[PDB]
Amino acid sequence: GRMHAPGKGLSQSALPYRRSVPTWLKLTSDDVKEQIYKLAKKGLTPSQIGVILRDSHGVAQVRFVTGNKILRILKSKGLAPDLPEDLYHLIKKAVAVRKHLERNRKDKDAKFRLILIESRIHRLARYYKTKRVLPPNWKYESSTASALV
Amino acid sequence: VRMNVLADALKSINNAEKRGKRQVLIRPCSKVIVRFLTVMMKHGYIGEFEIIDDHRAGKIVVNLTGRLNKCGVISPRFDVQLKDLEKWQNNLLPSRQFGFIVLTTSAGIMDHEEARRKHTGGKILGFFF
Amino acid sequence: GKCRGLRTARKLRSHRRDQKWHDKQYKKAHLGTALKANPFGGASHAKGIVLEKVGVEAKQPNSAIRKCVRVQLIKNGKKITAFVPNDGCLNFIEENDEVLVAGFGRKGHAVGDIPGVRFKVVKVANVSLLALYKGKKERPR
RNA sequence: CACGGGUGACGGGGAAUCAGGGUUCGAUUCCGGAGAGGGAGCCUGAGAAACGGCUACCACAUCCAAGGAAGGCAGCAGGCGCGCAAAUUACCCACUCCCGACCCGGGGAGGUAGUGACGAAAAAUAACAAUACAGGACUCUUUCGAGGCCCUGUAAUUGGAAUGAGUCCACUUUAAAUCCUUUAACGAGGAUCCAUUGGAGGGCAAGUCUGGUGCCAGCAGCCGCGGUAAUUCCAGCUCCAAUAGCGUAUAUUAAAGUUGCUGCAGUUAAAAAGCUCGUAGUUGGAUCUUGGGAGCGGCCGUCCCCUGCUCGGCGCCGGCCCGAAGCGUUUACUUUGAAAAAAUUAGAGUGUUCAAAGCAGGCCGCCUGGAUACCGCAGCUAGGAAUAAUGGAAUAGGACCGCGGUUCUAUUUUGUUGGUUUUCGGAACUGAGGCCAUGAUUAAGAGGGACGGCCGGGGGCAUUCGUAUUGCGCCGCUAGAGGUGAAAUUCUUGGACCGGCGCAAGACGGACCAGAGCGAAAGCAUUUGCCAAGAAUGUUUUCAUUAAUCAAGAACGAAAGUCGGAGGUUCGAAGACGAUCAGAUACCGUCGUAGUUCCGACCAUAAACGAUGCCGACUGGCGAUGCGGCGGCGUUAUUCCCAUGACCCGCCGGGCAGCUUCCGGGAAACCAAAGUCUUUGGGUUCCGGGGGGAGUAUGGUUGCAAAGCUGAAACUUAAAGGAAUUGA
RNA sequence: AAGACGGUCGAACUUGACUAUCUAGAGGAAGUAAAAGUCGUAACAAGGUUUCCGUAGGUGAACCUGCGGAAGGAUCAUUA
RNA sequence: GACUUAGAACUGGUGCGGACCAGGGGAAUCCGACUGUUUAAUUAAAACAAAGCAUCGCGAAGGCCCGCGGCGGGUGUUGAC
RNA sequence: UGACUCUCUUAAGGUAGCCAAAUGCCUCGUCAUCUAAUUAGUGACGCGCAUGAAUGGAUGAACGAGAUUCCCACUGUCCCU
RNA sequence: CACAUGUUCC
């Protein structure tokens, strides 16, 4: 049940019951963290560290091996980005639609599509206001959002 | 979305009772529902239930007997005084011989007879007979 | 009701307040226009002055001539085609005589065979028309 | 829901009416506010902006000698007006109290009467016996009929027995009276001492009685009757409903589950905005303490504990037991207690002879009563910790245990007199510590985001192709060619039509094309390229409640229409012409403006339909189909097979659908939702109250205009309408 | 004491504006209710041009036409 | 080192933009949009012009018109905006 | 009155609009208003001698030393000098 | 190719 689509699909991850570390994994908590610190140093959003670690490094979940999750580890060392990843990719998507709308202003379908992200951006903006991860006077401004990638 | 949890559990087992299923599964497990199921079992309205406690909101399999007519839910949870508790069961229960209105009190969750014994009111939860 | 929230009392009360105005009985009793158009103005009975006697033709299949009187009020000045109640009573009524006029019983709706008359004569010259028919009273002349 | 407007609004206690909930009213005896015709100002007085006090203006009104003076009944009466609507210009301080210098005077407050079918309570208009009869339970009699051991009723048949209404005296009553009660005497056999009000086709009880009337008079709330046999009109008989009451009008309540919180309806009867986003508003996943022990009764039922840290006595040998005071997350909610005017409401007692009423009363001085209940909603206080909220420490200014130094300070003390510093009690600050089990629930068949391979007439830009149509050029041959039901309007030796070769223009995208795909909807179909977007699937990827519906507001929005340009092939509103017809100003045919085609702006309306709002769960199967993924014999391509393509067999998620049946529902048509509904409650918007008037007038707002949004009343009407059956 | 001066409260008067209600009005366009009126026959049977909706134009009149939609249509169906 | 603005009190026979400077106003009808121009010496206007609107001709050996004349002239130091 | 119908005629028989108008003879047309009294003015009626659509029709915000009607104020225009 | 229309009660 998407909030900006009429689709009611059911496709998501399903963790196994056991929270114990896999028997094939010999990497300790700090060795996973320095691998995480290596991926975060070269530039990578916490979604992608979890992706490639289960592909090549063979870890099941970071929360079961270490004491914390991926974003929480980066927050402890201060390697987390200035603004969260889901708002960042929404602003990046909103910039691309607005950049496309500059040339193709006849694209009424793309014009309608633009409000949906700005609707979705503001929902994430006021939620992060209450969690105090953003400044209380932060506001998504469309003209100056192109500076952020 | 799923606003109330007890309402979905009670209607799911009422649909199974109308069809007459031997046992029924409800998808959420809550403390209120477990307390709700224990109220009906001491009176023998249902067969013996069990919960499947995974690492999420668990699933409850409730064995069913044929003694259930309808188990409804009252939303929202209106507070019930001791003065009009007779008025609540007059227009909700079928008769005064049977029918049970369960409602949460500070002493716990129990039917309307036991709330009269302890002389404690509270907010209504549902009705079942 | 549709909404069943625990604090939707102002939503439920406003809906019942607004939907009451769509009821014919509530809107009639709570508007100044219905009382303005009523010649009685909420009065059960009223006195008027006879200026002429009018014969009213009848409706579909049942066809006859109904005897009516054009009654002009003293309190408002309006004119009412009031109906003479019983048989052979138009000989009792005379010109320029005060009459006690009430409704007939349908409360603002034309009654039966007579088109557009909601009013009947009760007393004439402070003498009851019912006793005039019964012969219990005689008109002062 | 501010402000403003209306109020046919003094407010409340309360009244009517209801199973439950509600609706309407409250001018009116108790409380509180305002006023004395409308304002305004003031003297005195403790207390007035007093008016049975003044001062002015306004409006009304009075006497006058014409100079002047003087008034406020929304106080009791009373008069006029107004009305549908409301009493005596009576008596008295004898009760209640009030005021004064006061036992003594005063009170149109008040009490007592008069009028008074407001209304309520009690309750007359008769009863008994005998004769004829119509008969009922019994015995005889196969019926007929009999006696009445027991009766039931009828009849201006007869007979006495008892009282009131009234006449009427004595006493009582009361300030004087009056009424009631008691008391004598009268006072009723058609007990003439005479009960009325509506109706008699249905609802709705009760004549197919009699005569007159003849769609006239009229009856009738509604359906309906009357036009010469009226069960409905007018009279008579009879009967039916209530009974000193009944009828009618108006307004309200219940019936109304036709305002629906309880508790309505929204596919077709009235209805879900064309669709989407969207702040208020409303509703919101799971998860943080259960259990044990001492006792009693026949595994079950019941009580206590899992609370911590100044002052005294069962006191006992610094410690223990007990009592008292204080602090210990906050609420909503539940229980309790106080504070909670009376009158009224329910209700205890009480023979006002009963009852409405009232608070008394009963026993040979006493015994007693004059209770009790709630006061919601609001506020205070006290037990509880389920449910519903808010919060704790994760840059630690986190919680405890000792602290070390700094600043001021209550000081008890220096025997007293005086300075100082500290042990000392308090407050604050700064640094090193020790200790925590050192502080992170979950990752929702919730949501958001990332990623992988796809997928799709989704959208925009550019490019390309294909006939066909129209027009033109050339050639050939021609007398007809178009068009129709039939003809004509039209072209045609100046060569029409037709065939061939080309050229140019502008539309459109057939067959493939499907109960198929995409899109929020409108809508989307030649090839290719570019740009951005999107659903589903897969995921042991990330965040962790970020969610659902939404007024105000905003985006898109078929066709038609409008304004600027470009272009106008075909079709084609208007218009012209020829047919048809009684007429065509239509249907048919030949032309043809606007338009239909492209770009930039308006317009925001559709049978914008699934006539079916959106989110979440459950409730039978069956075969298909689209996408993605998974598994598997096998046939077939690259060929050189693994893997990828095309098939075949299944499984998974939703995507459009279909078939089927007694799930279930609905008035039915029919519906896997239109079910999980009188066994009525998952959440949240919009919207309807018989049919017209009418989407009209007016007002507001938008638009260049057309028109778009909001949106009545007067008045009229007893049906309109939906589904289904049978005839025609 | 009368009285005068200044200030304050301030009834009320004149003038002007705004607004509420009622209301005349030449002329004009509506609705409702009769008619045994006149003209035609739009719709209900394929109603003799299938019906209906949105938008424009025209016509004595119901109506007609154009464009785009819906079946509430007389088709749930038609084939390699 | 300034000029300006605001406020208060007092006061003159209510007089104070005291001379000078200095818009009468409102409601309608017809016409022309308007600014402008016009009969020097009777007509300042509704007349003319004006932007806007709609036609016609012309792709240069051409449209238009001038010149008695010529490979003469202008529009044209122009080309369908 | 008359939608309607019959009929003669032309290339069409004036459509949308407007009017006693700067356009109407009859005419001082009729009605309402403005007045005590109006051949003036305004608003309607249209059988229009002889209105009417770029020989442009209707409209008319702003403006005009353009042409008329009425009202307040103002005054020797006048009473009456 | 045209087939326009026929007041009321059971």
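Residues numbered from 1 in each chain as written, not as in the entry; some residues may be left out. Chains lettered and ligands numbered in written order. Part of a larger assembly, values for the part shown. Heavy atoms only, no water.

As deposited, the entry is annotated with cryo-EM as its determination method and 2.9 Å as its resolution.

The PDB entry lists chain C under the name 40S ribosomal protein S23, with Oryctolagus cuniculus as the source organism. Its PDB record names the entry "Mammalian 80S ribosome bound with the ALS/FTD-associated dipeptide repeat protein GR20". According to its UniProt record, chain C has this under Subunit (literature references left out): "Component of the 40S small ribosomal subunit. Part of the small subunit (SSU) processome, composed of more than 70 proteins and the RNA chaperone small nucleolar RNA (snoRNA) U3 (By similarity)." Under Sequence similarities, UniProt gives the following word-for-word description of chain C: "Belongs to the universal ribosomal protein uS12 family." (UniProt positions renumbered as here; feature names shortened; annotations may be inferred.)

With the PDB entry as reference, chain B is termed 40S ribosomal protein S15a, source organism Oryctolagus cuniculus. UniProt's Subunit (literature references left out) comment on chain B is quoted here verbatim: "Component of the 40S ribosomal subunit. Part of the small subunit (SSU) processome, composed of more than 70 proteins and the RNA chaperone small nucleolar RNA (snoRNA) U3." UniProt, in the comment section headed Sequence similarities, describes chain B in these words: "Belongs to the universal ribosomal protein uS8 family."

*Asks:* Sorry if this is basic, but what is going on with the domain arrangement of chain B here?
*Replies:* Buried accessible area, meaning the area lost when the parts come together, often serves as the stated size of an interface. Residue and element names in this part refer to chain B. Examined at the domain level, chain B breaks down into domain 1 (1–68) and domain 2 (69–129). Computed over C-alpha atoms only, the centres of domain 1 and domain 2 are separated by 19 Å. At the junction of the two partners, domain 1 supplies 15 residues and domain 2 supplies 18 residues. Around 1400 Å² of area is buried between domain 1 and domain 2 when both sides are counted, 73% of it from carbon and sulfur atoms. (Domains from an automatic or database assignment. Contact = heavy atoms within 4.5 Å. Buried area = accessible area lost by both parts, 1.4 Å probe.)

*Asks:* Would you take a moment to explain the interface of chain A and chain B for this structure?
*Replies:* Taken together, the contact pairs four residues of chain A with four residues of chain B. Counting every contact that joins chain A to chain B gives zero salt bridges. Seen at the junction of chain A and chain B, the total is two residue pairs in polar contact. Residues that form the side of chain A that touches chain B fall into these classes: three nonpolar, no polar and one charged. (Salt bridge = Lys/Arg side-chain N within 4 Å of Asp/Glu carboxyl O. Polar contact = N/O pair within 3.5 Å; in protein donor to acceptor, adjacent residues only side chain to side chain. Nonpolar A, V, L, I, M, F, W, Y, C, P; charged D, E, K, R; others polar.)

*Asks:* Honestly, the arrangement of the chains in this entry has me stumped. Any pointers?
*Replies:* Here two pairs of chains are in contact, and chains A and B lead that list by number of contacts. Separated in space, chain A and chain C share no contact, their closest pair of C-alpha atoms being 22 Å apart.

*Asks:* Is there a simple way to explain the packing of helix α1 (residues 29–41) of chain A against helix α2 (residues 46–57) of chain A in this structure?
*Replies:* When two helices pack together, their arrangement is given by the angle between the helix axes and by the axis-to-axis distance. All names here are of chain A. It is the contact of α1 with α2, at a shortest axis distance of 11 Å, that shows an interaxial angle of 125°. When the interaxial angle is binned, α1 and α2 end up oblique. Where α1 crosses over α2, the two elements pack in a sense that is right-handed. On α2, the residues touching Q35, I36 and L39 of α1 are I49, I52, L53 and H57. Classifying every residue of the contact of α1 with α2 gives five nonpolar, two polar and no charged. (Axes fitted to C-alpha atoms, helices over the stretch in contact; angles between N-to-C directions. Helix = DSSP H or I, 4+ residues; strand = E, 2+ residues; numbered from the N terminus. Parallel < 35°, antiparallel > 145°, perpendicular 65-115°, else oblique. Left-handed = near helix turned anticlockwise from the far one by under 90°.)

*Asks:* Would you take a moment to explain the packing of helix α5 (residues 85–103) of chain A against helix α6 (residues 108–130) of chain A for this structure?
*Replies:* Residues and elements named next belong to chain A. For the pair α5 and α6, the least separation of the axes is 9 Å and the interaxial angle reads 155°. The angle between α5 and α6 falls in the class roughly antiparallel. Handedness of the crossing formed by α5 with α6: left-handed. Judged by residue contacts, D86, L87, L90, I91, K93, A94, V97, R98, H100 and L101 of α5 engage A110, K111, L114, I117, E118, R120, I121, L124 and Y128 from α6. Taken together, the residues of the contact of α5 with α6 break down into 12 nonpolar, one polar and six charged.

*Asks:* Could you clarify how one ought to interpret the environment of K78 of chain C in this entry?
*Replies:* Looking at the secondary structure, you find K78 of chain C in the loop between β2 (65–73) and β3 (79–83). C-alpha of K78 of chain C to C-alpha of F40 of chain C: the two residues are 38 residues apart in sequence and 9.5 Å apart in space.

*Asks:* Help me understand the protein's contact with RNA strand D, please; the structure alone is not making it clear to me.
*Replies:* The local shell around RNA strand D holds 167 residues, among which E85, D107, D109, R113 and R120 of chain A are the closest. Counting only atoms of RNA strand D within 4 Å of the protein, the fraction found in sugar and phosphate groups is 75%. Between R19 of chain B and RNA strand D, the recorded distance is 2.5 Å, taken from a side-chain N or O atom to a sugar or linking oxygen. In terms of residue count, the dominant contributor to the surface near RNA strand D is α6 of chain A (12 residues). For the surface near RNA strand D, a count of residues per class yields 55 nonpolar, 52 polar and 60 charged. (Near = heavy atom within 4 Å.)

*Asks:* Just to check I follow, could you spell out the sheet that holds strand β3 (residues 59–63) of chain B for this structure?
*Replies:* What links the strands of a sheet is backbone hydrogen bonding, and the strands pair in either a parallel or an antiparallel sense. Residues and elements named next belong to chain B. The three strands lie next to each other as β1-β3-β2, forming an open sheet whose pairing is antiparallel. Because the sheet does not close on itself, it has two edges, and the strands there are β1 (23–26) and β2 (49–52). Between one strand axis and the next, the sheet turns through 20° on average, direction left out of account. As paired strands, β1 and β3 are joined by four bridges and run antiparallel to one another. By the bridge assignment for β3, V24 is matched with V62. (Pairing = 2+ DSSP bridges.)

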